[PDB]
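**Q** A structural model of the following input is requested.
(3 chains, ligands or ions: 6)
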Amino acid sequence: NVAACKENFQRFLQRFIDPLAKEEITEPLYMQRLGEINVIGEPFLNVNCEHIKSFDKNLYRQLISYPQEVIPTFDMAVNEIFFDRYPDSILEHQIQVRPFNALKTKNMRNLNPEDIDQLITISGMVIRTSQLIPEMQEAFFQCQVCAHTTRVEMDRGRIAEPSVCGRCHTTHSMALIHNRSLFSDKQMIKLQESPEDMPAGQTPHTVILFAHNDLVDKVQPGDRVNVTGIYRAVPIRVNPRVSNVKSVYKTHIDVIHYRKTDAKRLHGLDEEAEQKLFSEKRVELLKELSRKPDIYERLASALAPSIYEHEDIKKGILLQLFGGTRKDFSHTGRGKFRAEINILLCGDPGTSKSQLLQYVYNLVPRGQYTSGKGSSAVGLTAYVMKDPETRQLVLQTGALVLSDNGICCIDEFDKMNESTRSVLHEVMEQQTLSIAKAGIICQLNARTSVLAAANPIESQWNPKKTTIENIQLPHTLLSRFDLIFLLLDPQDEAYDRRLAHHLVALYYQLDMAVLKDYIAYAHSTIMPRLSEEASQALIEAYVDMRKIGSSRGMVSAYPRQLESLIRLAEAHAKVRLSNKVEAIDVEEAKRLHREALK
Amino acid sequence: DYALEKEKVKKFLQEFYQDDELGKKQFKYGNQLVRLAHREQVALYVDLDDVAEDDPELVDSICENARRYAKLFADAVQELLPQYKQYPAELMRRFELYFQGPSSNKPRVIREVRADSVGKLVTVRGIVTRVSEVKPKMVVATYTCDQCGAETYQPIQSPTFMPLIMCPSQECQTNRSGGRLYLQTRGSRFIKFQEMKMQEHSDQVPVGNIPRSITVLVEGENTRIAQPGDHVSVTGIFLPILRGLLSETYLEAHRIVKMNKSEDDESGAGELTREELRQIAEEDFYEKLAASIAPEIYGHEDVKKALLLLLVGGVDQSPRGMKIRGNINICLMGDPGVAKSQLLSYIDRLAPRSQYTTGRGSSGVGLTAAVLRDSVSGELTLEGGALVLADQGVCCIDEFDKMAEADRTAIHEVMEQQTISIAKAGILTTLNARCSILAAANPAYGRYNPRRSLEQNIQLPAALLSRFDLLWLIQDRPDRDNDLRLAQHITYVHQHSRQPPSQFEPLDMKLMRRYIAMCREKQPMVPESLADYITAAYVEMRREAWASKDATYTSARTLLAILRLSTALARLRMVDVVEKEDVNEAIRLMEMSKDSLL
DNA sequence: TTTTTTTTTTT
Ligand SMILES: Nc1ncnc2c1ncn2[C@@H]1O[C@H](COP(=O)(O)OP(=O)(O)OP(O)(O)=S)[C@@H](O)[C@H]1O
Ligand SMILES: Nc1ncnc2c1ncn2[C@@H]1O[C@H](COP(=O)(O)OP(=O)(O)OP(O)(O)=S)[C@@H](O)[C@H]1O
Ligand SMILES: [Mg+2]
Ligand SMILES: [Mg+2]
Ligand SMILES: [Zn+2]
Ligand SMILES: [Zn+2]
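**A** Numbers count the residues shown, from 1 in each chain, chains lettered A, B, ... in the order given. Ligands and ions are numbered 1, 2, ... in the order given. Provided below are the atomic coordinates:
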């Protein structure tokens, strides 16, 4: 069972070819992976245990049925095919092997006891983690008479005491020395099934995963992962004293591999080292697409290809996916400086607001979707819970902190009583949060960006009242936003006809990987710095805004807006990779700021 | 004695005939034993009415003991299986046997089962609560002596058990007088298991008494049948718990049947007959059902035409990742005493999954979902509301104008996106609530009056008024002769307790509840050639309600009514494409809903 | 059988 499998696995690792494409035939697929493992660190080999289903079917039966008696063989059989690069680079730890599956295999509700101790894949949304927990591997005993120190190994899963000193023979004198032994790490994590893939009218479950030595801190609460690992069940004892164990066991999952890369969402900020892993064939494409005179309107108009025209809102929601520069103000003692853009959408019903939130939330990774009445003051930022076991108050993170890199869509913005609405004042302007409760006195921080949607008061935009009266929001909250989009319902018959003609079409029946990579690039290698010709159009663009917004009674302008223009201007320059802010990048993001409130 | 019973059961298992198989006299258990011998089946629901057909004595002594007999049967089948086709005779069982209640017994209530029926076959009815999740329960623990290379087993009965440290094989002990043996979760055998509580129907309780509970240990194959908050009927032994003389008791389920419909679950027998396809194929099948909905109520020929579309429901799309709901919501604004709380009470009983709620007796967190703490553990858990428990069905809210205004905006979420997004201080999730709502309300101050226009003797904010595809508006103006027919109807009802016999007869409730479930799964399409007709209709609407002095707030959410109110009709006529004759029916409905004002 | 924090029904 042991020798018969490494011989059958090495073959796979050597002679395998796929009808696929990687990193944007180079036959030695896993040998190329094994070469990359040698040119850099990171001694892990991510093998797909479905490729081993094409090449073979009698190991793919024994990998998902006896995974703990196979994966050591899959390590050994990789160490030897590392012969090519043995003399070149000599790392130390060992080489590893990690089977996985591109697609899930089960739910959290259909785990049956014919699946105990066999490879299994699920998916969920990590809720909370814990601090490290040691776990002994090699004991270290020592006698009180002979003072002789033997070092017994844990082989089966328990530690046995020798009871005979190899020198003095006192038949029990070998104490266990703790801090001279060897330990390894162990973390406890909790999943939670996704809203999709659950039965009719039911509440989410949780499942406990146990990480191990190297996967110990590779995931954060608020992430959506595809965990792959063995499924085990261990007994429990009714007393912590007697050996009367129960008969209903208790199950967890010894994780073996994570996967956070989903196809449909953009690139999360773990792949900044992976941006240097772009095909140089692709950087040409991006730099050349960034030269056409309207690449702005050509990318924007490719957001949500189901909304009707609404041309400006897609412009704003596209500039929000880039954000101003990340300047470093630690020297001036000013503090930090927000670089993300907050957008508010107000307008009478039926105008397709909630569809834009539902579309963005499904686009960006690391996001959330909240509502009006089903969210409280502390549930959005940070609460304090009586931890069940240790009976102590511990801090947790809300929704505005779990996003932290992404967008926090807050629908039904009007229908939140003024208490829970005055909480956003801190987290959305300073990018911080200062907590001072019973035993916890700390200061979090996040890099979120709200995208809110509200209805006018009376839910009907009556043009008798003033713009600062249909919204009915204060000024200390309207100024923290910088793009207040007033959608309206004009009764032009031509518009209604075109819209209906468009909507009916949804009943019969640019690319993404251009946008999905253009964005990663424009994040990685761009930093627009202002100029002196641009800076001289930014001063007057604020001295006129005051005289304009003063009289009309629409929405006043405070110096904070003058920073928003910066935030917008720079964010425009990033679209075209211009690396330097010029004049037009202020006129555009000034016309945008003016022609949204009309 | 029992040695002669193990033969009187083998006789019955090998000899029993049955005619209703639709063929000749075959063997009900003759085929079953073969299937079980080929490991294509796990459970064998030995009915007891069939033993009570040729031996009404054995039934008397089964329901008297039912604990020995459920073992004699599992020995009889254990012997018969090889004759058709390890050491302990239980590790190689791989099937289980369950008694299906005898018809002569009567279903007790939870309060009735007393101590005089401990250890007998009983039958209870109740509401499920706190169903656990499946966990592996051990049956035959398999140990191994690694030293002497052997295998040993032990069978478990209690909810606890003490392991072994012997290796009682006299050879291993005799040779060396030393050796320990490890437990092992491979050679052992688990079985699914979950516990769930039952409560009395709060209806069948003394006027002000507290309901009593019982515990049910579902295991084997009956798992995952029952959902929490559910009407169920259970059949199983009633035993005491192991480990002074007082004893706590649980019900050990042998058979679980859902009785939601007030009779049974007949999803297996739910197929229609050609003699019913006769009716369903008639010209006006759509018009028979409409008249056979709450026949006790005179008039309202059109309202019953829409309350059927609500039960059938349109189709739901998903283009370019932009969900569109496929349910219909309906309100019944109207004067007092027009039988609205009768129509709703009827549509409650004609739905597989339904819920009934009153506006003045239900809070906004009790509709959607509530987070509540456990003073035993201090842990906050989620608890579904009304709209969650009515996931794939219908919810009914009468007295809808009297619901508190902060407890009513908690429905705007469930009516469009059909999720519930909770971000309180224990939980952060989105439950699925795909319910279609039906509500009733009184217009202004009890009675419509012709002085004030609409929208002021209705008092709904446009944002909520537009969520309803059909806000039906009923009036009652006195009529010297219509009152006469209404009275001659109601007095007939109070004489005979039935409705007067019209030309034809209403279908039974049991039969319509099947006619509809067959009529849901069609999914018709839309033809392109119609997009010009539909369009014009919609345009015309935006004219009238823009050039009138009474009309409501119409928006681009009205077009999707016309669209989704026609895929319902085309779904009744069993077509697989929407035809120009149904668009006009839909358009007539959306017009016959406000004519009661002219 | 005590504090402190957080949610929901009630006067
Ligand atoms: N311009 C548009 N493009 C595409 N779909 C639209 C457009 N306008 C309206 N719709 C459709 O009309 C409906 C509008 O619903 P929503 O997007 O939820 O509106 P809303 O802004 O959420 O309404 P309220 O204010 O919250 S009740 C959806 O079915 C949209 O598909
Ligand atoms: N057309 C009708 N056909 C049959 N019964 C009717 C009719 N009109 C009234 N009734 C009876 O009159 C009573 C009306 O009571 P409800 O159905 O509660 O009225 P309602 O529509 O709920 O009025 P509100 O909204 O609660 S004041 C019931 O006993 C009905 O059976
Ligand atoms: Mg909305
Ligand atoms: Mg009523
Ligand atoms: Zn010693
Ligand atoms: Zn032994």
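**Q** isn't residue B:233 up against residue B:127?
**A** No - judged on C-beta atoms under 8 Å, residue B:233 makes no contact with residue B:127 at a distance of 10.9 Å. From N, CA and C alone the C-beta is placed, and that goes for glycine too.
**Q** state whether residue B:256 is indeed within a strand.
**A** Yes - with DSSP: H, G, I helix; E, B strand; the rest coil as the criterion, residue B:256 is assigned to a strand.
**Q** tell me how many other residues crowd it.
**A** Counted with other C-beta atoms under 10 Å in any protein chain shown, residues neighbouring residue B:256 total 20.
**Q** so in terms of bridging, what pairs with it?
**A** Per DSSP bridges, the residues bridged to residue B:256 are residue B:234.
**Q** and it, how far from chain A?
**A** Distance, residue B:256 to chain A, by C-beta to the nearest C-beta, to the nearest Å: 17 Å.
**Q** again with residue B:502
**A** Residue B:502 is 38 Å from chain A, where distance means C-beta to the nearest C-beta.
**Q** residue contacts, the closest residue in space to that residue that isn't next to it in sequence?
**A** In space, and not counting its chain neighbours, residue B:502 is closest to residue B:291: 7.7 Å by C-beta to C-beta, 6 or more residues apart in numbering or on different chains. With contact taken as C-beta atoms under 8 Å, 6 or more residues apart in numbering or on different chains, residue B:291 is in contact with B:301, B:304, B:502, B:504, B:506.
**Q** how about JSON lines for those, with distance to ligand 5 and neighbour count added?
**A** Output for the contacts of residue B:291, formatted as JSON lines (distance: C-beta to the ion, whole Å; neighbours: other C-beta atoms under 10 Å in any protein chain shown):
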{"residue": "B:301", "distance to ligand 5": "100", "neighbour count": "11"}
{"residue": "B:304", "distance to ligand 5": "94", "neighbour count": "20"}
{"residue": "B:502", "distance to ligand 5": "103", "neighbour count": "9"}
{"residue": "B:504", "distance to ligand 5": "101", "neighbour count": "9"}
{"residue": "B:506", "distance to ligand 5": "94", "neighbour count": "17"}
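**Q** among these, which one sits closest to ligand 1?
**A** Among those, residue B:304 lies closest to ligand 1 (C-beta to the nearest ligand atom), at 27.8 Å.
**Q** secondary structure element for the closest one?
**A** Counting by DSSP states H and E, the element that carries residue B:304 is helix B:303-312.
**Q** can you check residue B:215 too?
**A** Assigned by DSSP H and E, residue B:215 falls in strand B:213-219.
**Q** let me know the next secondary structure element after the helix holding residue B:304.
**A** By DSSP H and E, the next helix or strand past helix B:303-312 is strand B:330-334.
**Q** what's next to the next helix or strand after that following strand, contact-wise?
**A** Next helix or strand after strand B:330-334 toward the C-terminus (DSSP H and E): helix B:340-349. Contacts of helix B:340-349 from elsewhere in the structure, counted by C-beta under 8 Å, 6+ apart, are B:262, B:293-294, B:296-297, B:300, B:303-304, B:307, B:310-311, B:332, B:334, B:354-356, B:394, B:396, B:398, B:438, B:440, B:474, B:509.
**Q** check the offset of helix B:340-349 from the chain's centre.
**A** Taking C-alpha atoms, centre = their mean, to the nearest Å, one finds the center of helix B:340-349 at 18 Å from the center of the full chain.
**Q** between strand B:330-334 and it, find me the angle.
**A** Between helix B:340-349 and strand B:330-334, the angle comes out at 160 degrees (axes from the mean of the first three to the mean of the last three C-alpha atoms, to 10 degrees).
**Q** list the buried residues in helix B:340-349.
**A** Buried positions in helix B:340-349, judged by neighbour count with 16 or more other C-beta atoms under 10 Å in any protein chain shown: B:340, B:343-344, B:346-348.
**Q** of these, just say which sits nearest to ligand 2.
**A** Using C-beta to the nearest ligand atom, residue B:340 comes nearest to ligand 2 of the buried residues of helix B:340-349, at 3.4 Å.
**Q** from DNA strand C, how far off is that closest one?
**A** Counting by C-beta to the nearest atom of the strand, to the nearest Å, the gap between residue B:340 and DNA strand C amounts to 25 Å.
**Q** for residue A:251, give me its contacts.
**A** A:111, A:116, A:231-233, B:135-136.
**Q** re earlier: just checking, what packs against the strand holding residue B:215?
**A** Packing contacts for strand B:213-219, counted by 3 or more C-beta pairs under 8 Å, 6 or more residues apart in numbering or on different chains; DSSP states H and E, involve strand B:121-129, strand B:193-199, strand B:249-258.
**Q** who does the last one touch, helix- and strand-wise?
**A** Looking back up the chat, that one is strand B:249-258. Counting by 3+ C-beta pairs under 8 Å, 6+ apart, strand B:249-258 packs on strand B:96-100, strand B:121-129, strand B:213-219, strand B:231-240.
**Q** can you pull the buried residues of the next helix or strand after it?
**A** Per DSSP H and E, the first helix or strand lying C-terminal to strand B:249-258 is helix B:274-280. For helix B:274-280, the neighbour count (16+ other C-beta under 10 Å) marks residue B:280 as buried.
**Q** CA atoms only for the next helix or strand after helix B:274-280, dumped as CSV, please.
**A** Next along the chain after helix B:274-280, taking DSSP H and E as the criterion, comes helix B:285-291. This file holds the C-alpha atoms of helix B:285-291, laid out as CSV (Å, rounded to 0.1, in the frame of the first residue of the first chain):
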residue,chain,number,x,y,z
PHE,B,285,-59.8,25.1,-16.3
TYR,B,286,-58.5,28.5,-15.1
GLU,B,287,-62.1,29.5,-14.5
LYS,B,288,-63.2,26.4,-12.5
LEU,B,289,-60.5,26.8,-9.9
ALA,B,290,-61.4,30.5,-9.5
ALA,B,291,-64.9,29.7,-8.7
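**Q** from the chain's centroid, how far away is helix B:285-291?
**A** On C-alpha atoms, centre = their mean, the centre of helix B:285-291 falls 25 Å from the chain's centre.
**Q** do stretch B:5-19 as well
**A** Using C-alpha atoms, centre = their mean, the mean C-alpha position of stretch B:5-19 is found 36 Å from that of the whole chain.
**Q** check which residues of it are buried.
**A** Applying 16+ other C-beta under 10 Å to stretch B:5-19 flags B:5, B:9-10, B:12-13, B:16 as buried.
**Q** picking up where we left off before, what's the closest of the contacts of residue B:291 to residue A:346?
**A** If you rank the contacts of residue B:291 by distance to residue A:346 using C-beta to C-beta, residue B:304 comes first, at 41.0 Å.
**Q** re earlier: which of the contacts of helix B:340-349 count as buried?
**A** Buried members of these, counted by 16+ other C-beta under 10 Å: B:293-294, B:297, B:300, B:303-304, B:307, B:310-311, B:332, B:334, B:354-356, B:394, B:396, B:398, B:438, B:440, B:474, B:509.
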